[PDB]
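In the form deposited in one PDB entry, a lone chain appears below as structure tokens.
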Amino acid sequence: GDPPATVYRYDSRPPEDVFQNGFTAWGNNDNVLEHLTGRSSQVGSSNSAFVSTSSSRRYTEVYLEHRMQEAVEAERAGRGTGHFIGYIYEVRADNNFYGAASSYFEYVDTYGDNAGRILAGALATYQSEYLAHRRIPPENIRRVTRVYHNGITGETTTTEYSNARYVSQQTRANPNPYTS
């Protein structure tokens, strides 16, 4: 019943960056609906105040696999090399991580939605999702799984290593919804 002590994040950026610097959110837009619909992320206004994570490692693997498959399709069509490297970061959650579901229900029951119209064509999703407000320090980042895909040979290689900067502290995600 406790909030998760560990969450996961798929990101394209390599540990030389992330292990040293942590994750910082795009900007100061802490509207939960705009984030969960994807409107404030990289593909939208790139100003979200949240860093998305999941209590489900499988969720982040599916996400990684989708991006890898896009590279595979690009090579098959002559519009890419097929090369892809994706990373799944294992992260210790603390009180600055908020459950997406509870944050979403509170938000939309108060200010409402506009389904399909917040981002265009997007519904708000949130199942195993946890939102870190503004930043995840490098000290929270435990390890990474590196998935390397050779675009021409098709071989996929997976390796794992820990972050020297990780600090073992006793924390878990916030039990409460995010409120602005």
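Residues that one form lacks are left out of the comparison. Just count from 1 along the sequence shown to find any residue number. By rigid core we mean the largest C-alpha set that fits within 1.5 Å across both forms.
In what follows, reference is made to the form deposited in another entry, a form of this protein that is not presented.
*Asks:* Select from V144, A124, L64, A49 the only position whose Cα moves 2 Å or more between this form and the one not shown when the core is aligned.
*Replies:* Comparing the C-alpha positions, the one residue that moves 2 Å or more is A124.
*Asks:* After core superposition, I'd like to know whether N28 moves between this form and the one not shown (criterion: C-alpha shift of 2 angstroms or more).
*Replies:* After core superposition, the C-alpha of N28 moves less than 2 Å between this form and the one not shown.
*Asks:* Mind checking the CA-CA distance of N28 and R117 in the other form? It differs by 3 Å or more from this form, so is it closer or farther?
*Replies:* Compared with the shown chain, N28-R117 is farther in the other form.
*Asks:* What direction does the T125-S48 Cα distance move in the other form compared with the shown chain, closer or farther, given a change of 3 Å or more?
*Replies:* It is farther: the C-alpha separation of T125 and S48 rises by at least 3 Å in the other form.
*Asks:* What moves between this form and the one not shown once the core is lined up, counting runs of 3 or more consecutive residues with C-alpha shifts of 2 angstroms or more?
*Replies:* That run whose C-alphas all shift by 2 Å or more is 113 to 125, the only one.
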